[PDB]
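Chemist: Dropping a structure here in structure tokens format, bear with me for questions.
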Amino acid sequence: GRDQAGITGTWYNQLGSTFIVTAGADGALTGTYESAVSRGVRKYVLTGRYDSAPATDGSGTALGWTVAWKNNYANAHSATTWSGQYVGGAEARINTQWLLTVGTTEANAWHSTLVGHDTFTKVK
Amino acid sequence: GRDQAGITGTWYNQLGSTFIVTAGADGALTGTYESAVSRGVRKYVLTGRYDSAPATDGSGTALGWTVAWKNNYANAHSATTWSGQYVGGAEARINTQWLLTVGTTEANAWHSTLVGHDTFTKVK
Amino acid sequence: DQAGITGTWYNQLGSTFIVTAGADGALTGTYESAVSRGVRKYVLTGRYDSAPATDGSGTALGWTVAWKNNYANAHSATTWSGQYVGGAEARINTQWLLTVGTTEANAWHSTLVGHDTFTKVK
Amino acid sequence: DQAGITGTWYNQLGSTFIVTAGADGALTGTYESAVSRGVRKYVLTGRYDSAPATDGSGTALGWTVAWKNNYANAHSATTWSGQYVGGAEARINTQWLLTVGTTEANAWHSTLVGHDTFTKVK
């Protein structure tokens, strides 16, 4: 993976959330997420995918991952997906937009999905 | 997983895309996606997560998954995340909203992310 | 066009969108949400492409409702972005963003996203 | 309020949003995008909560730009949904939806999503 080295490691967003991820050569993302907003009780499993061979034209690397907000300790009956791109260099960043869907009845489904944006940096 | 049985299997969206997924007891989603829009050359790996213990109050099951649009045959330098909920019963459905991010230069990043919505059914 | 757009539209929730499309690209009207009479009517304003591409493309448009009227204030605003498609099964296909006034701490939870399809028959 | 909102705002792209907020909740103005003079100015209309919650919450608002003017037509419309926060570092924090007129076949690819932060100094 071109950016396997670049992506693997600890990232921090503008909320102070911590995203720990290993990028496989096959395009796999695996790791843990800890949200600053709502320790092992605050860590949730993440899986996702990234482009292992980006276009060498200065483009970022497209990627995405999901966290379902259930662990051994708590269950918030919701899942967030982040969609964005990794940009390498001195101020390496993951620029994302996210969707947070909560389990609802059919009547409440219209109010089920939050949208936002997180920027991840290598320094907190 | 409460809906491990319900989620596992083949799903079809309003575009005719085919989503093949196995739901693990630990909340893992794994499988393949084939988009009707842009065979083994058209299959892409998906990973994701779902709530393995939803609230028993009639709520859907929150879930998400990612497809990076690279396989052994093609690379579209992009990733889609779907965020939504599974609803069981006679007309079982996965109601999703999605984000499709393409690798771009910093100048083009403003134009990097499409948003949409897919409804998956068990019949095409 | 202005002919196709002007009039009464209904979404999958049973909400009612009453809109007049001006020659200048203006949308003006009232929105009534099935979810949250005159107590449930809110002012909408917006814009549409008054000269769409004549290649069978839809007509791009958007409008905003702030959820304050003489009776109620929900300290929120929805914008719909989408396109009008004419013909026998005329439709406005939209995605929307609903933002509630929050403190800085709650801003991350401030915006709902969804999609509404409006038809000329409920 | 109408005082805080009325005036000139700049986003992280260098785009310029000129808006007047009416007492009735109306937004009227012009938008000039840094990306895609009078040839680059487009009409905007929108709404804001004219009586926000006095608990330190932002003021919900939205507006629409259809990308047609006397000079150019890009067959598209953007809506911004967000909130105004007053004080020394006054801001309009938004998410937006950009929809282009497409055929039914291309509708799946019709809508871009993003986020713009507007400040009183560029």
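Chemist: Look through C:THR99, C:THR64, C:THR45 and report the one residue that is over 12 Å from the mean Cα position of the chain (by Cα) and facing another protein chain (nearest Cβ under 8 Å). Step through it out loud before you land on a result.
Modeler: Values: C:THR64 fails: over 12 Å from the mean Cα position of the chain (by Cα); C:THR45 fails: over 12 Å from the mean Cα position of the chain (by Cα).
Among C:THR99, C:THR64, C:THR45, only C:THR99 is over 12 Å from the mean Cα position of the chain (by Cα) and facing another protein chain (nearest Cβ under 8 Å).
Chemist: Please pick out the residue among C:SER50, C:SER57 that is within 7 Å of another protein chain (Cβ to nearest Cβ) and touching a helix residue (DSSP H, G or I) at 6+ places or on another chain (Cβ under 8 Å). Break it down into steps so the answer makes sense when it comes.
Modeler: Working: C:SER57 fails: touching a helix residue (DSSP H, G or I) at 6+ places or on another chain (Cβ under 8 Å).
Of the residues listed, the single one that is within 7 Å of another protein chain (Cβ to nearest Cβ) and touching a helix residue (DSSP H, G or I) at 6+ places or on another chain (Cβ under 8 Å) is C:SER50.
Chemist: So which residues in the stretch C:20-65 are within 22 Å of D:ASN70 (Cβ to Cβ), crowded, with 22+ Cβ neighbours inside 10 Å and of a type in the set (S, T, N, Q), if there are any at all?
Modeler: C:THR45, C:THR59
Chemist: Do you know which of the residues in the stretch A:33-74 that are more than 7 Å from chain B (Cβ to nearest Cβ) and polar (S, T, N, Q) is surrounded by the most Cβ atoms within 10 Å (Cβ to Cβ)?
Modeler: Selected residue: A:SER35.
Chemist: Further question on the same structure: Counting only residues that are more than 7 Å from chain D (Cβ to nearest Cβ), closer than 17 Å to C:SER36 by Cβ and hydroxyl-bearing (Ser, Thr, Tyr), how many does the stretch C:102-122 have?
Modeler: So the count comes out to 0.
Chemist: May I pose another question? Quick one: is A:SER78 under 17 Å from B:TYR50 (Cβ atoms) and crowded, with 19+ Cβ neighbours inside 10 Å?
Modeler: Details: under 17 Å from B:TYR50 (Cβ atoms): yes; crowded, with 19+ Cβ neighbours inside 10 Å: yes.
Yes: the conditions hold for A:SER78.
Chemist: Looking only at the stretch A:1-20, filter to residues that are aliphatic (A, V, I, L, M) and in a helix (DSSP H, G or I); which one of those is farthest from A:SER35 (Cα to Cα)?
Modeler: So in the stretch A:1-20, the residues aliphatic (A, V, I, L, M) come out as A:5, A:7, A:15, A:20.
Pick out the ones that are also in a helix (DSSP H, G or I) and you get A:5, A:7.
Numbers: A:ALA5: 24, A:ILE7: 19 Å.
Step by step, filter the stretch A:1-20, then rank; the result is A:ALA5.
Chemist: Related question: Please go through the stretch C:68-100 and give me each residue that is hydroxyl-bearing (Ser, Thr, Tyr) and surrounded by fewer than 18 Cβ atoms within 10 Å (Cβ to Cβ), ordered by number. Can you show your working first?
Modeler: Of the residues in the stretch C:68-100, the ones hydroxyl-bearing (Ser, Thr, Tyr) are C:71, C:76, C:78-79, C:81, C:84, C:94, C:99.
The one that is hydroxyl-bearing (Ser, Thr, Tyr) and surrounded by fewer than 18 Cβ atoms within 10 Å (Cβ to Cβ): C:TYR71.
Chemist: Suppose the filter is at the interface with chain A (Cβ under 7 Å from one of its Cβ atoms) and either of a type outside the set (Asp, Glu) or under 11 Å from the mean Cα position of the chain (by Cα) (or both); does B:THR81 pass it? If you could, list the steps in order and put the result at the bottom.
Modeler: On the way: at the interface with chain A (Cβ under 7 Å from one of its Cβ atoms): yes; either of a type outside the set (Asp, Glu) or under 11 Å from the mean Cα position of the chain (by Cα) (or both): yes.
So B:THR81 passes the test.
Chemist: Given the structure, is C:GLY82 in contact with a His (Cβ under 9 Å, 6 or more places away or on another chain) and either in a strand (DSSP E or B) or among the polar types (S, T, N, Q) (or both)?
Modeler: In short, yes.
Chemist: Answer with yes or no whether C:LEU13 is touching a helix residue (DSSP H, G or I) at 6+ places or on another chain (Cβ under 8 Å), more than 12 Å from chain D (Cβ to nearest Cβ) and not small (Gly, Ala, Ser).
Modeler: Values: touching a helix residue (DSSP H, G or I) at 6+ places or on another chain (Cβ under 8 Å): yes; more than 12 Å from chain D (Cβ to nearest Cβ): yes; not small (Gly, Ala, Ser): yes.
In short, yes.
So basically every Cβ, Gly included, is an ideal-geometry build from the backbone, and we count neighbours across all protein chains shown. Every read-out reported here was derived from the displayed coordinates using simple, explicitly stated rules and does not represent laboratory data.
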